[PDB]
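Colleague: Coordinates only, no sequence provided:
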Ligand SMILES: *[C@@H]1O[C@H](CO)[C@@H](O[C@@H]2O[C@H](CO)[C@@H](O[C@@H]3O[C@H](CO)[C@@H](O)[C@H](O[C@H]4O[C@H](CO)[C@@H](O)[C@H](O)[C@@H]4O)[C@@H]3O)[C@H](O)[C@H]2NC(C)=O)[C@H](O)[C@H]1NC(C)=O
Ligand SMILES: *[C@@H]1O[C@H](CO[C@@H]2O[C@@H](C)[C@@H](O)[C@@H](O)[C@@H]2O)[C@@H](O[C@@H]2O[C@H](CO)[C@@H](O[C@@H]3O[C@H](CO)[C@@H](O)[C@H](O)[C@@H]3O)[C@H](O)[C@H]2NC(C)=O)[C@H](O)[C@H]1NC(C)=O
Ligand SMILES: *[C@@H]1O[C@H](CO[C@@H]2O[C@@H](C)[C@@H](O)[C@@H](O)[C@@H]2O)[C@@H](O[C@@H]2O[C@H](CO)[C@@H](O)[C@H](O)[C@H]2NC(C)=O)[C@H](O)[C@H]1NC(C)=O
Ligand SMILES: *[C@@H]1O[C@H](CO)[C@@H](O[C@@H]2O[C@H](CO)[C@@H](O)[C@H](O)[C@H]2NC(C)=O)[C@H](O)[C@H]1NC(C)=O
Ligand SMILES: *[C@@H]1O[C@H](CO)[C@@H](O[C@@H]2O[C@H](CO)[C@@H](O)[C@H](O)[C@H]2NC(C)=O)[C@H](O)[C@H]1NC(C)=O
């Protein structure tokens, strides 16, 4: 179980986000990050959380436990996709579906890039369609 | 163990507007780690080229250069009067940094025979115990010339001091002085002293002589 | 960004701050930046290198220090950080100290400055090596601008520099550097 | 500002006796001196330019490199607060006679290398045990145009200035470079005048040797 666990849902501090405004994700979404080695978003959350803990504990050498924070196989997949000139994740921007009425939302997924540009919405619509479906189901599985 | 930068042509003649090439051969491989410099009147050199082919900022585009390994060439196109100077290479690949001996760029002109004048010792010097016989050979071109001192017909190379001039700014000419210094006794022993010059302007040698 | 999928369902985004990640990382992590098509940068500890590719043999094996074993790099510098970062980079890029050609660095006794040089020419007997090196760089620098043309001379030099302030911070390069080294 | 490198001899002149010492200075302006390595070189008489020493910057501990022939005798140093580089030369020998230059090297096509992009004006250094002596001036008269001469023999140190009729005849004058023999300089000067000028008119060579405070005027009288 060499995987860093997230414990706060999870709230991102202002310095972690370009928007510079704290943003909280629910337990339903973030609990999926536990032992999930196929989520760049969870990799980024683990990186930021490990660094926040390091700050609060003060220094180690960098990346000694890197494989507990990020998935090596997923990083290699993204690299190969980059070199094959297909869309890939550069671990920066992520999207999700939010049921604004209830606040329930999906686990954010990577907004992929190609030729140094984020894909147009339509070019991955099947993704946020599917996610939305899942979300609704989850919601009614709670009600 | 120093790298020798060989510039075998010490003097090179050109006319304004011509294209000229000055060569440099390093005794070791130095890649492109070569610079080229210009220098006048033994004053501060000016950087012309570095990494063998890169022109330094402020250098006219008449100047180009190239080469690698051991062979390097500086080319001056449309030569201008102000380009008449010494040019030398440098390697900076290893310590000690070393430079070429230099190639002096000079102006072409019509061939000119030397004006030769021989002068005997002065009574003042003779009273002092010495005797200098002087020979001037002025305003000749090209600089190639061979001078001999002949006492009673026999060549003499013991006691000769020679001096040259660079290409003259006005007439683009050269001049030489040759002084044969003996003691009063060695001088009085003989009678005929001769300055014999040889220059491509004359099949036979120019000759001047002083007797008694 | 955001738009409406349904009436009460919204597409939303979250974007991580590289400024935040880098500036607030308490660890001394290696940074790898692509400033533009010609100039790359790598920083680790107190060491900061500019990486450039061109046909100038700044170093020559006759006069400079041949590096076959990592320990040889003890002669390249007086700073353990420079040596450590150079060894780390050559490991991460895939250089095989046992089988690959030795590379070059400037003897620390000389005062021109620290620099090491790797022959990445995609030509002749070096081609395979060059290719491998290229692949290595592709993993370490996202969207690696490969300047070495096929059949042409191409030598990489790494020399001390100050970190370009306009360098795009890209943590993916750091992740690959940590993973591969 | 204009980039400048100006050299000087700190104490005394450039003429010194073997075994003595001598400090050369090179003051600069127009650039951040502390960011550049500085070199000393020398051009000996009739020999190619020679590298002597280099000193680097503070971030590299002011490291220095020397050629073998001066290691243990010369010391290069710098003062960044005065933008100056210095060469202290001890145990001087006659082989150290040359025109010394200070130089700057920078960065070339993106890489540091010891090509010299700026130089000082040069400082003449003569290491000699010879004592100062004034020249013996001897007339040279022959035994359309006529050539006469003036022999300036047995003087030290250089320079010596030679004129003909206080410059009136500079048109056809050839003054030749001095040559060293027996640790003393000797030169000759020729002048070509119309046959109508000499011997009807006075032709005189004026030779001045400032070191020995010597001023001689020799008229060319016919033989
Ligand atoms: C970096 O690696 C590259 C590639 O490995 C390397 O460049 C190559 O160097 C070799 C020599 O090791 C060059 O081989 C030459 O190629 C042709 C024939 O293929 C000829 O020109 C040469 O042979 C003749 O010419 C020589 C030059 O005078 C003579 O000495 C010789 O007797 C022959 O007459 C020679 O074989 C090869 O051309 C290059 N390749 C390229 C693309 O330039 C490079 O040297 C390495 N650099 C460093 C700094 O390590
Ligand atoms: C990639 O970027 C490098 C690094 O410098 C970058 O560009 C500069 C113009 C500035 O914006 C820097 O902040 C930035 O880091 C570029 O290399 C640089 O090239 C410039 C010229 O384009 C050089 O400056 C000029 O250089 C010459 C010779 O010194 C002089 O004529 C001028 O006075 C002028 O200063 C600069 O020195 C050089 N830097 C280095 C470290 O080599 C590079 O050109 C760029 N590449 C591309 C393809 O755009
Ligand atoms: C790195 O260089 C040092 C010093 O070498 C001197 O400086 C160089 C720039 C070059 O000009 C050399 O010829 C100089 O000798 C080397 O160590 C010295 O090697 C010399 C060889 O004669 C020896 O006499 C000294 O004692 C050595 N000094 C020390 C402190 O060991 C060193 O070998 C070079 N390193 C490599 C890997 O080649
Ligand atoms: C999903 O959307 C909801 C609704 O906008 C967000 O929750 C609201 O957040 C705003 C801004 O902070 C508050 O003014 C509202 O009061 C919140 N309402 C509720 C019901 O939470 C929520 O933050 C969004 N979730 C994510 C992960 O972006
Ligand atoms: C991931 O890729 C994206 C797309 O190339 C980068 O986002 C852009 O960043 C550049 C500067 O590098 C900005 O000029 C653009 O405006 C950004 N595009 C947007 C916001 O749509 C992003 O920086 C990359 N991430 C990393 C860490 O390099």
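Modeller: All right, it came through fine. Residues are numbered from 1 along each chain as shown, chains lettered A, B, ... in the order given. Ligands and ions are numbered 1, 2, ... in the order given.
Colleague: Now do the same contact list for the residue of chain D found nearest ligand 1.
Modeller: Residue nearest to ligand 1 within chain D: residue D:111 (13.7 Å; CB to the nearest ligand atom). Every C-beta, even on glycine, is put in place using the N, C-alpha and C of the backbone. If a contact means CB atoms under 8 Å, 6 or more residues apart in numbering or on different chains, then residue D:111 has C:56, C:58, C:115, C:157, C:159 as its contacts.
Colleague: If we only consider those residues, which is nearest to chain A?
Modeller: For the contacts of residue D:111, the minimum distance to chain A (CB to the nearest CB) is 23.2 Å, reached by residue C:159.
Colleague: Quick check, the closest one in contact with residue C:47.
Modeller: No: here residue C:159 does not reach residue C:47: they are 11.1 Å apart, not a contact under CB atoms under 8 Å.
Colleague: right, is the longest strand seen in chain C up against ligand 1?
Modeller: The single longest strand within chain C, with elements called by DSSP state E, is strand C:47-54. No: using CB under 6 Å from any ligand atom, strand C:47-54 never reaches ligand 1; the gap is at least 11.7 Å.
Colleague: And the residue of chain C closest to ligand 2?
Modeller: residue C:36 (3.7 Å).
Colleague: re the thing from before, tell me the helices and strands packed up against whichever helix or strand comes after the longest strand of chain C.
Modeller: Note on strand C:47-54: by DSSP states H and E, the next helix or strand toward the C-terminus is strand C:65-67. Contact here means 3 or more CB pairs under 8 Å, 6 or more residues apart in numbering or on different chains; DSSP states H and E; on that basis strand C:65-67 packs against strand C:103-105.
Colleague: ok, 10 Å please
Modeller: helix C:80-93, strand C:103-105, strand C:116-119 (3 or more CB pairs under 10 Å, 6 or more residues apart in numbering or on different chains; DSSP states H and E).
Colleague: quick check, it touching ligand 1?
Modeller: No: contact of strand C:65-67 with ligand 1 (CB under 6 Å from any ligand atom) is absent, the minimum separation being 10.7 Å.
Colleague: Could you list the buried residues of that strand?
Modeller: Using 16 or more other CB atoms under 10 Å in any protein chain shown as the test for burial, strand C:65-67 gives C:65, C:67.
Colleague: Could you list the paired strands of it along with their orientation?
Modeller: Its sheet considered, strand C:65-67 pairs with strand C:103-105 (antiparallel) by DSSP bridges.
Colleague: Tell me the gap between the partner strand and the middle of its chain.
Modeller: Between the centre of strand C:103-105 and the centre of its chain there are 15 Å (CA atoms, centre = their mean, to the nearest Å).
Colleague: try stretch A:50-66
Modeller: Relative to its chain's centre, stretch A:50-66 lies at 20 Å (CA atoms, centre = their mean).
Colleague: Check which residues of it are buried.
Modeller: Under the neighbour-count criterion of 16+ other CB under 10 Å, stretch A:50-66 has A:50, A:51, A:52, A:62, A:63, A:66 buried.
Colleague: contact partners of that stretch?
Modeller: Contacts to stretch A:50-66, defined as CB atoms under 10 Å, 6 or more residues apart in numbering or on different chains, come from residues A:2, A:4, A:6, A:12-13, A:15-16, A:46-47, A:68-70, A:72, A:75, C:20-22, C:24-30, C:44-45, C:174-175, C:177-179, C:181.
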